[PDB]
RNA sequence: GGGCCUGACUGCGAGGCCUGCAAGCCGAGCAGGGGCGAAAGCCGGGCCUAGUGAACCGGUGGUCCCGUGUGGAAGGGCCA
RNA sequence: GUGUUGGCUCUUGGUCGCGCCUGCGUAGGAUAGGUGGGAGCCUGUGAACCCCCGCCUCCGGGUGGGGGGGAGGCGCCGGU
RNA sequence: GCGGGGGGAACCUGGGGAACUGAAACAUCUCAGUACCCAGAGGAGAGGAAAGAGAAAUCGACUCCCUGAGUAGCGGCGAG
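Chains as they are written, first to last, in the UniProt record's numbering: chain A, 2 to 229; chain B, 6 to 54; chain C, 1 to 71.
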């Protein structure tokens, strides 16, 4: 009845009988873990879909407002003014079909690719073969193609957090900082509640949001009732 | 049932017009055109199985 | 009469049949089976005071026997 | 043989072919709406005479007309 | 199937609830089952040195325990 | 010490209950709950004070006549 984790104390904080609710969560998590540096809490969950038959495979992104600087890099592929807008907006990788060519060669440092409709052909067909089933190629309703290279990369820097059910039907995303206001962690938990809810493919039949919770990096793990 | 199967045209959720059609040569390829009673004429589209 | 019930009347009639369905499913009723039949219960018993019976019929039975069991 | 394109349009038609029934069939021209020329105009399937089937019954895409006190609804009326 | 047609009992299967345990095509200090958080973690072993013992295998190794004691090890870092 | 039973042209209640013919065939359907076997109360029984009607903040036991439409409708929506 004794286990291998010093976290044990934090675990004692952890009383897994209730699934509680969001704001409560902000507070008890914020308290629960501030180990090395300050907790990097995150929320994770699983939906009653079936990602094999991609007719439910979701992803996208809500806009949990709150300053940013880390996670999921992206390539702003376009030309002059777009390099301007998106680069400044908040880009990790920037350029155009020249960057596309560099990638075809041996340079790929971006998980998501967002290109404006001006170098989109070169991006998708030149780099189509390269970014491929990696998730690195631009798609017109996958928050990856369009002129607002600046707007989207911008949010990438000011606050982004995306969605993408993994193999077994679950998503992960940042919806509040560690020492961050409880009500805050609540609100972001929410924006995610919503965009996620929307993504909810019409291919669901019943208890869709099955398990919805807040867990940290290295720390506690408790479900939250995004209802209250 | 033969390379002759019947489809019909419907238009951007704002109507549906009809007419049969086939299967043979370019099979599926099914945009087409037509005009619904939607608005005054309008694309339509066609497809609809 | 010699086989109704004992605890009321359950000895008689029955007109019936069928054919087939497929209605609020795909169509009309495969209609027909002009047939006729019987339709009834069962028998059993207990004791007055050393030496008895019952006879009767099914349910009505069970409640009943309970009743005169009361006496 | 080449280019460009959907009218193989909906609303419809006056007035005739034949026919006792129902059929089937011919169609200028008015409207909305487009497409081939710059246009005088042709296009409401093909070069035409055969590839066809009532009525019931029931399906689906409407519609958003009816609902057996009223709100809705099973269910259902007309369209396709 | 179900109704009178009551009793004790040996048992075996599907299912969902929690707990445990698992994952070796190949470069991969290495049997990475994913996708998340994501450079730090820990001292009732005062340790990865050594000891046996529990368990699962595709030599290896993974995991769970009892002990033996004298600031140590590993995740980082890199790298495949 | 009672009762019944046994009748009775037709009317009558319930008990059980059929082919023709129609649908120019005929299997749903039809004649129909009709013919007929029965049990039985009468001089007539039948029904007979509402878990009714019907939607107006309305009626008011039951029975039989005229009307209610042969409409409302039931249906190989066909004979009917």
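Built from N, CA and C at the ideal position, the CB exists for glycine as well.
Could you check whether residue j and residue i sit closer than 8 Å to each other, using their CB atoms as the reference points?
{"i": "residue 49 of chain A", "j": "residue 208 of chain A", "result": "yes"}
{"i": "residue 158 of chain A", "j": "residue 65 of chain A", "result": "no"}
{"i": "residue 163 of chain A", "j": "residue 15 of chain A", "result": "no"}
{"i": "residue 125 of chain A", "j": "residue 138 of chain A", "result": "yes"}
{"i": "residue 176 of chain A", "j": "residue 166 of chain A", "result": "no"}
{"i": "residue 27 of chain A", "j": "residue 219 of chain A", "result": "no"}
{"i": "residue 30 of chain C", "j": "residue 19 of chain C", "result": "yes"}
{"i": "residue 7 of chain C", "j": "residue 46 of chain C", "result": "no"}
{"i": "residue 115 of chain A", "j": "residue 172 of chain A", "result": "no"}
{"i": "residue 90 of chain A", "j": "residue 75 of chain A", "result": "no"}
{"i": "residue 13 of chain C", "j": "residue 41 of chain C", "result": "no"}
{"i": "residue 67 of chain A", "j": "residue 160 of chain A", "result": "yes"}
{"i": "residue 179 of chain A", "j": "residue 40 of chain A", "result": "yes"}
{"i": "residue 26 of chain B", "j": "residue 11 of chain B", "result": "yes"}
{"i": "residue 98 of chain A", "j": "residue 127 of chain A", "result": "yes"}
{"i": "residue 228 of chain A", "j": "residue 61 of chain A", "result": "no"}
Identify the continuous beta strand (DSSP E) that holds residue i and give its terminal residues.
{"i": "residue 49 of chain A", "result": "Run containing residue 49 of chain A: none; DSSP gives neither H nor E here."}
{"i": "residue 75 of chain A", "result": "75–79"}
{"i": "residue 15 of chain B", "result": "9–16"}
{"i": "residue 51 of chain B", "result": "49–51"}
{"i": "residue 21 of chain B", "result": "21–28"}
{"i": "residue 158 of chain A", "result": "Element bounds for residue 158 of chain A: not the beta strand (DSSP E) but the alpha helix (DSSP H), 150–159."}
{"i": "residue 54 of chain C", "result": "53–55"}
{"i": "residue 223 of chain A", "result": "222–224"}
{"i": "residue 38 of chain B", "result": "37–39"}
If you draw a straight line from the C-alpha of residue i to the C-alpha of residue j, how long is it?
{"i": "residue 71 of chain A", "j": "residue 42 of chain A", "result": "14 Å"}
{"i": "residue 56 of chain C", "j": "residue 21 of chain C", "result": "39 Å"}
{"i": "residue 32 of chain A", "j": "residue 86 of chain A", "result": "39 Å"}
{"i": "residue 120 of chain A", "j": "residue 96 of chain A", "result": "10 Å"}
{"i": "residue 195 of chain A", "j": "residue 63 of chain A", "result": "8 Å"}
{"i": "residue 10 of chain A", "j": "residue 222 of chain A", "result": "14 Å"}
{"i": "residue 136 of chain A", "j": "residue 27 of chain C", "result": "50 Å"}
{"i": "residue 145 of chain A", "j": "residue 117 of chain A", "result": "9 Å"}
{"i": "residue 4 of chain C", "j": "residue 10 of chain C", "result": "6 Å"}
{"i": "residue 23 of chain C", "j": "residue 32 of chain C", "result": "14 Å"}
{"i": "residue 43 of chain C", "j": "residue 49 of chain C", "result": "20 Å"}
{"i": "residue 147 of chain A", "j": "residue 77 of chain A", "result": "10 Å"}
{"i": "residue 233 of chain A", "j": "residue 224 of chain A", "result": "Examination of residue 233 of chain A is not possible in this model, given that chain A is present from 2 through 229 alone."}
{"i": "residue 49 of chain B", "j": "residue 206 of chain A", "result": "32 Å"}
{"i": "residue 156 of chain A", "j": "residue 204 of chain A", "result": "29 Å"}
{"i": "residue 37 of chain C", "j": "residue 67 of chain C", "result": "33 Å"}
{"i": "residue 193 of chain A", "j": "residue 7 of chain A", "result": "32 Å"}
{"i": "residue 52 of chain B", "j": "residue 8 of chain B", "result": "17 Å"}
{"i": "residue 111 of chain A", "j": "residue 132 of chain A", "result": "10 Å"}
{"i": "residue 71 of chain C", "j": "residue 52 of chain C", "result": "14 Å"}
{"i": "residue 28 of chain B", "j": "residue 54 of chain B", "result": "12 Å"}
{"i": "residue 34 of chain A", "j": "residue 5 of chain A", "result": "17 Å"}
{"i": "residue 214 of chain A", "j": "residue 2 of chain A", "result": "26 Å"}
Among the options, whose alpha-carbon lies nearest the alpha-carbon of residue i?
{"i": "residue 226 of chain A", "options": "A:99, A:191, A:203 and A:35", "result": "A:191"}
{"i": "residue 41 of chain B", "options": "B:7, B:16, B:12 and B:6", "result": "B:16"}
{"i": "residue 212 of chain A", "options": "A:2, A:34, A:45 and A:89", "result": "A:45"}
{"i": "residue 44 of chain B", "options": "B:6, B:52, B:20 and B:8", "result": "B:20"}
{"i": "residue 122 of chain A", "options": "A:140, A:134, A:135 and A:136", "result": "A:140"}
{"i": "residue 38 of chain B", "options": "B:27, B:32, B:31 and B:22", "result": "B:22"}
{"i": "residue 202 of chain A", "options": "A:40, A:18 and A:59", "result": "A:59"}
{"i": "residue 101 of chain A", "options": "A:83, A:118 and A:129", "result": "A:129"}
{"i": "residue 53 of chain A", "options": "A:83, A:169, A:23 and A:22", "result": "A:169"}
{"i": "residue 35 of chain B", "options": "B:18, B:6, B:9 and B:14", "result": "B:14"}
{"i": "residue 181 of chain A", "options": "A:29, A:57 and A:13", "result": "A:29"}
{"i": "residue 22 of chain A", "options": "A:186, A:199, A:197 and A:200", "result": "A:186"}
{"i": "residue 149 of chain A", "options": "A:5, A:2 and A:88", "result": "A:88"}
{"i": "residue 113 of chain A", "options": "A:38, A:183 and A:134", "result": "A:134"}
From what residue to what residue does the alpha helix (DSSP H) around residue i run?
{"i": "residue 214 of chain A", "result": "Taken as a continuous stretch (DSSP letters only), residue 214 of chain A belongs to no alpha helix (DSSP H), being part of the beta strand (DSSP E) at 210–216."}
Taking 7 Å as the line, does the beta carbon of residue i fall inside it for any heavy atom of the ligand SAM?
{"i": "residue 55 of chain C", "result": "As presented, the structure is devoid of all ligands, the ligand SAM included, so that no description of it is given."}
Exercise. Please list the segments of the alpha helix (DSSP H) lying wholly inside the stretch 82–137 of chain A, counting only runs of 4 or more residues, in order along the chain.
Key: Runs found: 98–106 and 129–132.
Quiz prompt | Segments of 4+ residues assigned as alpha helix (DSSP H) that fall wholly inside the stretch 6–70 of chain A | solution = Complete alpha helix (DSSP H) runs here, min 4: 9–14 and 23–33.
Exercise. Scan the stretch 170–202 of chain A and note each continuous alpha helix (DSSP H) run of 4 residues or more that stays entirely inside, going in chain order.
Key: Within the stretch 170–202 of chain A, the runs of alpha helix (DSSP H) that reach at least 4 residues and sit entirely inside it are, in chain order, 183–200.
Quiz prompt | Every unbroken alpha helix (DSSP H) inside the stretch 6–65 of chain C [4 residues or more] | solution = Within the stretch 6–65 of chain C, no run of alpha helix (DSSP H) reaches 4 residues while sitting entirely inside it.
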